[PDB]
Amino acid sequence: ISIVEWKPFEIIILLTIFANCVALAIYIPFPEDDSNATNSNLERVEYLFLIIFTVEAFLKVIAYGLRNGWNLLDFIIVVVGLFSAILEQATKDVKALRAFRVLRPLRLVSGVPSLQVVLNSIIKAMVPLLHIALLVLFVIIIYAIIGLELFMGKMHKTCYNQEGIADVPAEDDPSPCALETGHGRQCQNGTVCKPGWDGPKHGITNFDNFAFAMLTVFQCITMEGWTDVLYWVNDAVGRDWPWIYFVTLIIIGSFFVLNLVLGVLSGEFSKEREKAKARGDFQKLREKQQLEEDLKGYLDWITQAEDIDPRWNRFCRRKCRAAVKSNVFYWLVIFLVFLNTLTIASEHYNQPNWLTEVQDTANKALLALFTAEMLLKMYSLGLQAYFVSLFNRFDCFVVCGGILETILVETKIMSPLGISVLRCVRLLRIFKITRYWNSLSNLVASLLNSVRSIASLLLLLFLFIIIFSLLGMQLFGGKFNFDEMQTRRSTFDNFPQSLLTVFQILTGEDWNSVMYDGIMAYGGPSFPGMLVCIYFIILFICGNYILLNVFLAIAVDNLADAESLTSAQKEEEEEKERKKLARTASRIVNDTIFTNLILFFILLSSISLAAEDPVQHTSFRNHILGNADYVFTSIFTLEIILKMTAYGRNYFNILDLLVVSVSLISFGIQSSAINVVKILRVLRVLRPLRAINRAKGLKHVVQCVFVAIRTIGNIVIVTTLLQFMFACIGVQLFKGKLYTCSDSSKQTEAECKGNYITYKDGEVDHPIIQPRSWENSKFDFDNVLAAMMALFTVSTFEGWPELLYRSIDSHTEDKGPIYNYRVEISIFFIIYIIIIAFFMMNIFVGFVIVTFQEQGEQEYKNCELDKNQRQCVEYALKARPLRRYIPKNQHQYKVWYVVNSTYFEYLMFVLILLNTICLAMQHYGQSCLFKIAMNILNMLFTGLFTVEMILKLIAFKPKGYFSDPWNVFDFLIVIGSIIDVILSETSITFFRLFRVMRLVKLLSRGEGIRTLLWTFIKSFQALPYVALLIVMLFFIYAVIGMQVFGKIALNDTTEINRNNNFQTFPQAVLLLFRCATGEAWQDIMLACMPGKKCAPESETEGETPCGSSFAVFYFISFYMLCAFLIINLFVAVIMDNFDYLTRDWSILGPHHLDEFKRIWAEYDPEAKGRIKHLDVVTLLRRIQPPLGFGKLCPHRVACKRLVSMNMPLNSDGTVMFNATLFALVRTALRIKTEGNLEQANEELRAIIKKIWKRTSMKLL
Ligand SMILES: CC(C)CCC[C@@H](C)[C@H]1CC[C@H]2[C@@H]3CC=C4C[C@@H](O)CC[C@]4(C)[C@H]3CC[C@]12C
Ligand SMILES: CC(C)CCC[C@@H](C)[C@H]1CC[C@H]2[C@@H]3CC=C4C[C@@H](O)CC[C@]4(C)[C@H]3CC[C@]12C
Ligand SMILES: CC(C)CCC[C@@H](C)[C@H]1CC[C@H]2[C@@H]3CC=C4C[C@@H](O)CC[C@]4(C)[C@H]3CC[C@]12C
Ligand SMILES: *[C@@H]1O[C@H](CO)[C@@H](O)[C@H](O)[C@H]1NC(C)=O
Ligand SMILES: [Ca+2]
């Protein structure tokens, strides 16, 4: 019984769990205690489910008498279920603790054991991501205290009219202003900046205390709605200083933390790859490839001799086999597939009548030919030889689908969805002529071999989304019903809608807009109501982790196997071909000063180009640097002339000519405004690029990026090919359907003319006449190019929820929207994001990582010296003892003993934390007593810290105190905090930001953090030219945008406003930074479309001549290029720091030997390294075992062995430091034998690590 269980008592319980999961989805949360019959039936099925669970709990309890975590989860689920049922019966919130049933779907993981393994693989590589979760916590706290000492309470005023107010006439979205004494936004002509305002977003986005700032900093770190906060601060305090906060916050907490996380994950995924390689899981894929090749390579013997004729069907088969494989049916079927793609991609909205007949007759004349080829494939090759090859099973699928989908279209049952578009996948056969086919086939082979892993990793992601959908639906079900007219399409009302909302939060787009709604649904910016943001924070930070541990893992662990498979094929082909052939047949220009001065002049010209006035034309600034170009080109013209005589042509020299030329052929037009000038000026922007050839190190990175982009071409091509098919499907589904009338009552263009009355702010007593306009969506699936653009801006995760809910409403061509007509059409978008936004954009990053790893693994000197032994011997050869400065004076000795110990350091580490806590309690609306208490507390803390500084200066003396890098930054904080006090007793805030900087001392202590940060910082410093490509790209694109879109008028109702414009180089760079962050960049692109008003200053013809059609190729290309360059820099840093990222810490290394160096300490002061004799005899006693030894007996055979390890060329009296080092390194690992003393000296000297005679101190 209590052991009888059985086997079928689990499978029954699992089915009950699934039934509970389904019954939890049909439930509909109603707004205000409403209900229907289905909910009443589910409330009684819950009783049966609880009875079953209680019976299970009791039976399992009496078999064991529960220590397992899963059993504990079951127990605490059933107990709280009983509690909820009893409380509901008693009270006849009780209906809030039913949110423990959304935890029942977790029992599915308990049931199937193939998912427990994957769940452990998921939350086991999270422990490494705990030194990057603490750095994030420190950065958020530091920036929240800094923005609290800078922006506390400064965003509580807005324009209010000068009549009957209390309303904010600052338009539908009010923005903070400033009184006419500061430098913030000034109210309009007929408005007044008055205090007494709630806040920018109902009071949730503020810096009023260390609860509202900790959330604003997190939201800005997630790179969502950070420009909104930056602009709100810009409209409240000024525009000069606030950008330094929000730019550094994202550079450090969103572009460096992301790099750290990516590096740790990519180094963590390589250890398991090594473990699998040691176990030998790649062999199974290796054998399957060759055996399948031979199992198809030997079928020709059967098929070529199946029709031996010693009735007469040989008439055709003896030539059908040749004809269909004679390089004619290849280039003819490819041509037919090209024609089919032509007829599929030529369908737009409102096409001519002949085109729809051409595409109706070709779609049949080509299907007939493909079916004829189908029957010929079955005949000339045989049935089995047809269904061997993978491409030959998908082609049968496509042809049978075409045949079965013509019927549905001709019989008028369902509307076309796109089926023949899968025939364009056959265009991949073009790769067979080049070498980019073995890798592509191998990648698909690995993807198909790993299916029980992909479909199992996606199952936990689906379970996560389902669980967080039911929990969110219980929390916010029906509570999003606000009085305002907006329907709030992203709610938690049903299961499909709550799934869409959770998926949108997972992608991250507008994740803060849903949380701002879930906060007001539980009250407002109050204490208990706002504790609901923990749901969204946890969902975001635990969904974007599984989204990087499920997709990047697949991409990396499959693309690493694909490379090994391709290498195997290449090696086998090379060996076989080699065997076959062998077996069968047997001037002052070149000076430094000129180059350096020309490089300096290049920078001068670039800065002169970046300082031009975009909007203004007749200005003095556009004259001086419009005149310095005259002299500037004179030097550059000269430079070519006297260097021409040294030659009689490299491509860089041709570029420098071109450049010098434009300039030249420009101030000579001196008349032809006729564009020309204005299309020859936007070509000076090539100046920076003439420094590539004169800045060796900058040419190398350009060449490396060119090799990288040549290598990654297959991924881009097969991603564009897939996006094309998705665009064609979108055209089939949504052509001419996403049209809307301004009046939401007319569903026809002929019905959408005239005017209509709209009521402002949903007030029936405030009528307003507005015109009726039949308008399309911002991005529409009308033709194939518009579909491509819309899908691109969907894959960038920008504005995709708007397009999704506009596509859901569309029902018929030339008709308006219908609320939630086809919600099921969201599957198209979900699939697109899953494939083209989560999988294919991670395959590219995995490919970059794998290629860089292969480049780094090329030879590595390939000569012994195990991967740690290089550093071990290098350190044993270039390690010197460290200074200690034991005080000589007897009093200074006691003082330095006081400040050198755990007590003083750990008490300072407590005072620092107390000071930060005291800095954290700073609300908006503090009493005078609170503030004057804070002042005295700050004075006391700074007095204590300056007394600590005095003590340290006295103990360590002024060279010793100042030598430590951490005691020179402590001096600056003390001076700033000591200037702060005196200036507070009568630019004062610049010194108030010094005290909060003392918190970094706590981040300094403790390994892990201090090692990862240092290694990544020195990796960023080791590659200063990879990060200069991004600077060059930003400069060039900012100048181009400045020249093109400079003159667009700044209306605050559009996306080119006072805050976002191209009218200055800093502002253009900020706009490009925002676009790189991916913050409504498509809105800026649309606001830069042709047909806008020019600025009043920039010069009738001025109807709408501002804005160019260049915006598409500007913004899309900038996005792609910036993403490529950022990923290049990230992976370059990761691979430069790939020793720390995978170190296998159970072995010796820098951690186990820098300890040594220290452990020498005592037995040494200033350098020297001479032993006490009694050190070599007390060693192990402190040294740790996994490196040296474990506190055991000095004569332990193994420790006496440490004595057997004797003089390595020195003197027993005083070991020359390094001595013991090597000795300990040699005994720890790579133990050699007797007589291998100069043999080791040549084991290093003969290949690498030039000794430089140093063996004078190490011989034997
Ligand atoms: C190799 C294949 C995929 C090439 C595809 C190109 C052809 C089929 C497509 C791509 C973009 C298409 C154009 C997109 C938009 C318009 C505007 C309108 O006036 C209808 C026709 C027209 C002009 C389309 C004609 C067909 C078109 C040119
Ligand atoms: C841990 C993840 C999965 C979910 C986190 C949910 C828990 C920790 C949070 C999120 C939403 C929170 C609720 C939000 C608002 C209110 C209303 C008020 O009466 C105070 C408590 C109460 C009811 C909170 C209790 C705690 C709560 C339920
Ligand atoms: C990226 C490399 C080129 C460094 C950039 C430095 C140069 C191009 C930048 C840095 C500081 C900038 C200046 C900062 C402030 C102003 C005042 C503004 O009213 C007109 C532009 C002007 C005068 C900027 C021109 C461009 C500028 C000189
Ligand atoms: C934005 O620009 C001006 C500023 O008032 C004005 O024409 C209008 O508000 C906006 N432009 C258009 C074309 O609506
Ligand atoms: Ca966004």
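Remarks
- Subset of the stretch 342-394 (residues that are of a type in the set (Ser, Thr, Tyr), surrounded by 14 or more Cβ atoms within 10 Å (Cβ to Cβ) and either out of contact with any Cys (no Cβ under 6 Å at 6 or more places or on another chain) or not in a helix (DSSP H, G or I) (or both)): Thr343, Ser346, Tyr349, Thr371, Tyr379, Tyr386
- Within this structure, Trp896 passes the test of being over 42 Å from the mean Cα position of the chain (by Cα) and assigned to a helix (DSSP H, G or I).
- Among residues of the stretch 1087-1115 being surrounded by fewer than 19 Cβ atoms within 10 Å (Cβ to Cβ) and under 25 Å from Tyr231 (Cα atoms), the one that is nearest to ligand 1 (Cβ to nearest atom) is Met1089.
- Exactly one residue among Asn438, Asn442 is touching a helix residue (DSSP H, G or I) at 6+ places or on another chain (Cβ under 9 Å), surrounded by 20 or more Cβ atoms within 10 Å (Cβ to Cβ), polar (S, T, N, Q) and farther than 18 Å from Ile834 by Cα, and that residue is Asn442.
- Breaking point among (1) surrounded by 11 or more Cβ atoms within 10 Å (Cβ to Cβ); (2) in a loop (DSSP other than H, G, I, E, B); (3) of a type outside the set (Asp, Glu); (4) more than 43 Å from the chain's Cα centre (by Cα), for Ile640: (2)
- Answer residue from the stretch 800-850, given it is among the small types (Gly, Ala, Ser) and surrounded by 20 or more Cβ atoms within 10 Å (Cβ to Cβ) and is farthest from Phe269 (Cα to Cα) among those: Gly816
- Output for the stretch 866-880, where each listed residue is farther than 11 Å from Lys1249 by Cα and over 34 Å from the mean Cα position of the chain (by Cα): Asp866, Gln869, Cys872, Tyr875, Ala876, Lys878, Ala879, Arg880
- Sole exception among (1) surrounded by 21 or more Cβ atoms within 10 Å (Cβ to Cβ); (2) in contact with a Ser or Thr (Cβ under 8 Å, 6 or more places away or on another chain) for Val217, by number: (2)
- Pairs, first over 14 Å from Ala1080 (Cα atoms) in the stretch 1047-1059, second within 16 Å of ligand 5 (Cβ to nearest atom) and assigned to a loop (DSSP other than H, G, I, E, B), C-beta under 9 Å, six or more apart: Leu1050/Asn1060
- Close contacts from the stretch 723-741, counting a first residue that is under 20 Å from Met840 (Cβ atoms) and a second that is surrounded by fewer than 20 Cβ atoms within 10 Å (Cβ to Cβ) and of a type in the set (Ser, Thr, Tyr), with Cβ to Cβ under 8 Å and a gap of 6+ residues or different chains, come to none at all.
- Comparison of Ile602, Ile679 shows that the only residue that is among the aliphatic types (A, V, I, L, M) and either touching a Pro at 6+ places or on another chain (Cβ under 8 Å) or within 16 Å of ligand 4 (Cβ to nearest atom) (or both) is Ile602.
- Sole exception among (1) of a type in the set (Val, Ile, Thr); (2) surrounded by fewer than 15 Cβ atoms within 10 Å (Cβ to Cβ); (3) in contact with a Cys (Cβ under 7 Å, 6 or more places away or on another chain) for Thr986, by number: (3)
- Verdict on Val794 being more than 16 Å from ligand 4 (Cβ to nearest atom), on the phi < 0 side of the Ramachandran plot and not in a loop (DSSP other than H, G, I, E, B): yes
- A count restricted to the stretch 1046-1095 and to residues that are within 12 Å of ligand 4 (Cβ to nearest atom) and hydroxyl-bearing (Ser, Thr, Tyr) stands at 2.
- Residue in the stretch 84-97 that is under 30 Å from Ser2 (Cα atoms) and under 44 Å from the mean Cα position of the chain (by Cα) present: yes
- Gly846 being assigned to a helix (DSSP H, G or I) and small (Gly, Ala, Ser): yes
- Single residue of the stretch 538-568 satisfying the filter (surrounded by fewer than 17 Cβ atoms within 10 Å (Cβ to Cβ) and within 9 Å of ligand 2 (Cβ to nearest atom)) that is nearest to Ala837 (Cα to Cα): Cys542
- Matching residues, the stretch 909-943, being closer than 16 Å to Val996 by Cβ and of a type in the set (A, V, I, L, M): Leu911, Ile912, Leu913, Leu914, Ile917, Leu919, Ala920, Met921, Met934, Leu937
- Within the set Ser1146, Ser1109, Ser1098, the sole residue that is within 16 Å of ligand 4 (Cβ to nearest atom) and assigned to a loop (DSSP other than H, G, I, E, B) turns out to be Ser1098.
- Applying the set (1) away from ligand 4 (no atom under 16 Å from the Cβ); (2) over 27 Å from the mean Cα position of the chain (by Cα); (3) polar (S, T, N, Q); (4) more than 28 Å from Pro242 (Cβ to Cβ) to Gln1043 leaves exactly one unmet item: (4).
- Residue that is nearest to ligand 5 (Cβ to nearest atom), among those in the stretch 1039-1054 that are within 15 Å of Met1089 (Cα to Cα) and either surrounded by fewer than 18 Cβ atoms within 10 Å (Cβ to Cβ) or small (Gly, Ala, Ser) (or both): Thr1054
- Single residue of the stretch 491-516 satisfying the filter (surrounded by fewer than 20 Cβ atoms within 10 Å (Cβ to Cβ) and away from ligand 5 (no atom under 16 Å from the Cβ)) that is nearest to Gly477 (Cα to Cα): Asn494
- The lone exception for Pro1024 - which of (1) surrounded by 18 or more Cβ atoms within 10 Å (Cβ to Cβ); (2) more than 21 Å from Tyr231 (Cα to Cα); (3) away from ligand 4 (no atom under 16 Å from the Cβ); (4) of a type outside the set (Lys, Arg) it fails: (1)
- Looking at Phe956, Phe991, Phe969, just one residue is surrounded by 17 or more Cβ atoms within 10 Å (Cβ to Cβ) and within 38 Å of the chain's Cα centre (by Cα), and that residue is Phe991.
No lab work stands behind these numbers, since they all come straight from the coordinates. Cβ atoms come from the backbone with ideal geometry, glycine included; neighbour counts cover every protein chain shown.
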